[PDB]
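Written out below as structure tokens is the structure these notes cover.
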Amino acid sequence: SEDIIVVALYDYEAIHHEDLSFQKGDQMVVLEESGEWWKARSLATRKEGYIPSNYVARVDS
């Protein structure tokens with residue numbers, strides 16, 4: 001349904017504390033919406049951290 005799940009469109013690796021590593025075609029859910037960077041949870045490992053919004057695709061499904 002309508003939600004805040006995005007898909008990593010590029011490979012990346014965790015760096016800061018609450019960070020999250022994803023791949024070029026991975027799927028992650030969003031926990032909140034800020035602006036430049038958002039906090040999401042990768043279902044591939046039930047983990048969660050930051051995700052560059054400029055390198056991802058946000059969908060509500």
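In the structure tokens, chains take letters A, B, ... by order of appearance, with residues numbered from 1 within each chain and ligands from 1 in the order shown.
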
Can you tell me which residues surround residue 54 in chain A at a distance of at most 10 Å, considering only C-alpha atoms, apart from same-chain residues fewer than 5 positions away, and format the answer as a ChimeraX atom specification? /A:9,35-37

Set the distance at 10 Å and use only C-alpha atoms: which residues neighbour residue 24 in chain A once local chain neighbours fewer than 5 positions away are removed? I'd like the list as a compact mmCIF listing (two decimals) with N, CA and C atoms, in the first residue's frame.
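part-v2.txt was written with the following content:
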# COMPACT_ATOMS: atom_id res chain seq x y z
N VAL A 7 14.30 2.23 -2.97
CA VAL A 7 15.17 1.15 -3.51
C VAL A 7 16.56 1.72 -3.81
N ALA A 8 17.58 1.16 -3.23
CA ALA A 8 18.96 1.67 -3.49
C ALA A 8 19.28 1.49 -4.97
N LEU A 9 19.49 2.57 -5.67
CA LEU A 9 19.79 2.49 -7.13
C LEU A 9 21.31 2.49 -7.38
N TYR A 10 22.11 2.44 -6.34
CA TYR A 10 23.60 2.43 -6.53
C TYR A 10 24.24 1.72 -5.33
N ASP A 11 25.37 1.10 -5.54
CA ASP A 11 26.04 0.37 -4.42
C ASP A 11 26.63 1.37 -3.41
N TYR A 12 26.54 1.07 -2.14
CA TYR A 12 27.10 1.99 -1.10
C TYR A 12 27.45 1.21 0.17
N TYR A 55 20.59 9.35 -4.38
CA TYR A 55 21.00 8.12 -5.14
C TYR A 55 20.04 6.97 -4.82
N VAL A 56 18.76 7.23 -4.84
CA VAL A 56 17.77 6.16 -4.52
C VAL A 56 16.41 6.48 -5.14

Residue contacts of residue 13 in chain A (10 Å, only C-alpha atoms) excluding same-chain residues fewer than 4 positions away, as a PyMOL selection string: chain A and resi 19-23+51

For C-alpha atoms, I'd like the residues from the last selection saved as an mmCIF file, in the first residue's frame.
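Here's the written file selection_12.cif:
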data_model
loop_
_atom_site.group_PDB
_atom_site.id
_atom_site.type_symbol
_atom_site.label_atom_id
_atom_site.label_comp_id
_atom_site.auth_asym_id
_atom_site.auth_seq_id
_atom_site.Cartn_x
_atom_site.Cartn_y
_atom_site.Cartn_z
ATOM 1 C CA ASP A 19 24.566 4.128 8.814
ATOM 2 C CA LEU A 20 23.396 1.390 6.401
ATOM 3 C CA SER A 21 25.100 -0.398 3.471
ATOM 4 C CA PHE A 22 22.951 -1.240 0.416
ATOM 5 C CA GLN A 23 23.411 -2.258 -3.242
ATOM 6 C CA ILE A 51 20.469 6.458 2.914
#

Given only C-alpha atoms as the counted atoms, nearest of A:17, A:45, A:25, A:31 to residue 3 in chain A: A:31

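CA of residue 15 in chain A lies 20.7 Å from CA of residue 57 in chain A.
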
Here is a test: counting only C-alpha atoms, which residue of A:4, A:48, A:42, A:61 is nearest to residue 16 in chain A? A:48

Work out how far apart CA of residue 29 in chain A and CA of residue 6 in chain A are and give it in Å to one decimal. 5.9 Å

DSSP on the backbone, then: every residue of chain A marked strand (DSSP E), written as a PyMOL selection string. chain A and resi 5-8+26-30+37-42+47-52+56-59

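The gap separating CA of residue 34 in chain A from CA of residue 14 in chain A is 18.7 Å, in Å to one decimal.
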